[PDB]
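Reviewing the structure listed below.
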Amino acid sequence: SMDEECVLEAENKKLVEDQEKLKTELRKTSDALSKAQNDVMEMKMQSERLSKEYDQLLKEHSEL
Amino acid sequence: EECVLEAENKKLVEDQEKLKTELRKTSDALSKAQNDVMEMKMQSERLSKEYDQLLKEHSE
Amino acid sequence: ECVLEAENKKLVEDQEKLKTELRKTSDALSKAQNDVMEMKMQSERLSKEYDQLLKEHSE
Amino acid sequence: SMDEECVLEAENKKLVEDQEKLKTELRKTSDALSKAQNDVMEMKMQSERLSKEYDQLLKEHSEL
């Protein structure tokens with residue numbers, strides 16, 4: 001036989017479940033930012049190699 | 001000569017393309033994080049509304 | 001009812017603190033995103049002028 | 001053709017300068033990203049504090 005206790009329990013359960021969802025969302029957000037951190041590092045190194053190639057190209061070819 | 005310049009250029013261009021791809025990936029990752037933060041703003045609003053309702057219903 | 005009042009006050013202040021942190025975080029991400037788009041534009045100016053350099057001074 | 005040397009010098013300087021600008025931007029971008037990563041860590045901690053307060057609240061007050 002349903003009473004107010006049932007709805008109270010449902011409300012608490014929803015509160016807990018939404019905390020869990022927020023935790024999950026936080027972890028996905030940090031996962032995404034770590035992907036971006038790795039991508040930024042890849043760009044830093046790629047750009048250093050590129051800068052070496054520009055330097056080399058202008059040094060070897062004075063007409064450039 | 002022109003040969004070495006040609007090869008060097010080919011390499012340089014393919015590296016510019018790698019950098020371009022990397023830039024796109026980075027932007028996409030950051031966009032994903034921003035979407036996630038929108039979700040969390042709504043989720044935390046749901047949490048505080050749930051809490052408030054809990055209080056209004058079951059306390060003085 | 002007193003301890004409930006104290007706990008509620010605390011909880012409320014922490015919700016508002018989290019809300020503020022979420023805004024701070026979206027701001028921080030927009031700053032990062034802008035930085036990345038600026039690098040996209042910059043890297044395009046760089047490859048474009050490299051191309052111009054080779055078109056003008058090579059075969 | 002003195003003009004040629006003029007233009008070529010300017011163009012080379014500009015290429016070098018834009019490499020430098022991209023280098024600077026990369027460093028700053030990484031800084032900005034680290035800030036955001038720490039903002040997310042702060043929210044994890046803050047929401048864990050909120051979870052402890054919610055747990056405690058529901059545990060102490062059966063009517064909630």
Side-chain angles (χ1 to χ4, degrees), chain A residues 14-50, chain B residues 14-50, chain C residues 14-47, chain D residues 21-51 54:
Chain A
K14 184 175 171 188
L15 191 67
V16 176
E17 193 174 317
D18 284 344
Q19 290 171 66
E20 288 167 357
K21 293 202 67 64
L22 177 63
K23 190 183 176 67
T24 290
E25 299 162 355
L26 276 162
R27 182 193 60 86
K28 290 186 186 306
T29 310
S30 60
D31 288 346
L33 290 180
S34 286
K35 280 180 59 169
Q37 188 190 1
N38 279 278
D39 295 339
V40 174
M41 182 53 62
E42 294 183 347
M43 295 195 284
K44 177 186 161 63
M45 312 192 62
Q46 178 58 76
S47 191
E48 295 177 1
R49 299 194 291 273
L50 267 158
Chain B
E14 64 194 29
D15 286 340
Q16 292 165 345
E17 290 291 336
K18 284 183 192 182
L19 179 56
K20 184 170 157 63
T21 294
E22 279 156 18
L23 277 157
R24 176 186 57 68
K25 282 170 42 196
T26 305
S27 277
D28 290 351
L30 293 176
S31 289
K32 203 174 194 194
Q34 279 279 39
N35 295 347
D36 289 343
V37 173
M38 287 176 245
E39 291 210 1
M40 296 190 295
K41 293 178 172 172
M42 286 177 274
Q43 193 56 250
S44 63
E45 288 287 322
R46 277 169 60 86
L47 276 164
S48 54
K49 291 173 198 159
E50 271 141 40
Chain C
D14 282 332
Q15 294 164 336
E16 296 160 358
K17 188 170 159 72
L18 180 62
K19 190 173 187 291
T20 302
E21 290 166 359
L22 282 160
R23 183 176 64 80
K24 173 183 177 194
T25 300
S26 65
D27 283 352
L29 289 175
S30 291
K31 183 173 175 75
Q33 287 180 289
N34 272 119
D35 285 349
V36 174
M37 294 316 294
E38 182 179 38
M39 294 191 296
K40 169 172 167 174
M41 301 178 70
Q42 179 65 23
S43 64
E44 292 164 7
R45 289 183 287 261
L46 190 56
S47 66
Chain D
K21 281 187 191 172
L22 181 65
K23 190 176 182 305
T24 300
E25 286 161 359
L26 278 157
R27 176 174 53 76
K28 291 179 182 166
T29 294
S30 181
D31 292 349
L33 182 48
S34 296
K35 293 290 195 163
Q37 289 182 282
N38 276 303
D39 292 342
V40 179
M41 173 166 314
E42 191 183 0
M43 292 190 298
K44 292 190 183 167
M45 198 167 297
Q46 176 61 14
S47 62
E48 286 154 20
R49 180 179 174 96
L50 278 151
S51 289
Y54 285 129

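Hydrogens, waters and symmetry mates are skipped; everything else that's a heavy atom, side chains included, is used. Chain naming here is simple, since letters A, B, ... match the order of the sequence lines and numbering starts at 1 in each.
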Q.
One pair to check against side chain to side chain contact (heavy atoms under 4.5 Å, CB included): C/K31 and C/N34. What are the steps and the verdict?
A. CA-CA 5 Å; C/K31 183 173 175 75; C/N34 272 119; 5.9 Å; no
Q: Look up atom OG in D/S51 and atom CG in B/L47, then write down how far apart they are to the nearest 0.5 Å.
A: 8.0 Å
Q: Check salt bridge (charged side-chain N to carboxylate O under 4.0 Å, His left out) between C/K40 and all other residues, then give those that pass, not counting sequence neighbours.
A: none
Q.
To the closest 0.5 Å, what do you measure between CG (B/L19) and CD (C/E44)?
A. 10.0 Å
(Q) For the CD atom of C/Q42 and the NZ atom of D/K21, what is their distance to the nearest 0.5 Å? (A) 6.0 Å
Q | NZ/NE/NH1/NH2 to OD/OE distance under 4.0 Å, B/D15 and A/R49 | A | no
(Q) Quick one, B/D36 and D/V40 - any side-chain contact, counting heavy atoms below 4.5 Å? (A) no
Q.
Less than 4.5 Å apart, side chain to side chain, heavy atoms only: is that true for B/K20 and B/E17?
A. yes
Q: For D/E42, enumerate each residue passing the salt bridge (charged side-chain N to carboxylate O under 4.0 Å, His left out) test, keeping only those at least two apart in sequence or located in another chain.
A: C/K24
Q: Identify the heavy atoms of B/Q34 and C/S26 that sit nearest to each other, and give their distance.
A: NE2-O, 3.2 Å
(Q) Are there over 12 heavy-atom neighbours, none belonging to B/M38, within less than 6.0 Å of that residue's CE? (A) yes
Q. Where is the tightest heavy-atom contact between A/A32 and B/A33, given as atom of each residue plus distance?
A. CB-N, 4.0 Å
(Q) Among residues at least two apart in sequence or on other chains, which ones pass salt bridge (charged side-chain N to carboxylate O under 4.0 Å, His left out) with B/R24? (A) B/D28
(Q) Could you measure the distance from the CD atom of B/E50 to the NZ atom of A/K14? Nearest 0.5 Å is fine. (A) 4.5 Å
(Q) Is the shortest side-chain heavy-atom distance between B/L30 and D/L33 below 4.5 Å? (A) yes
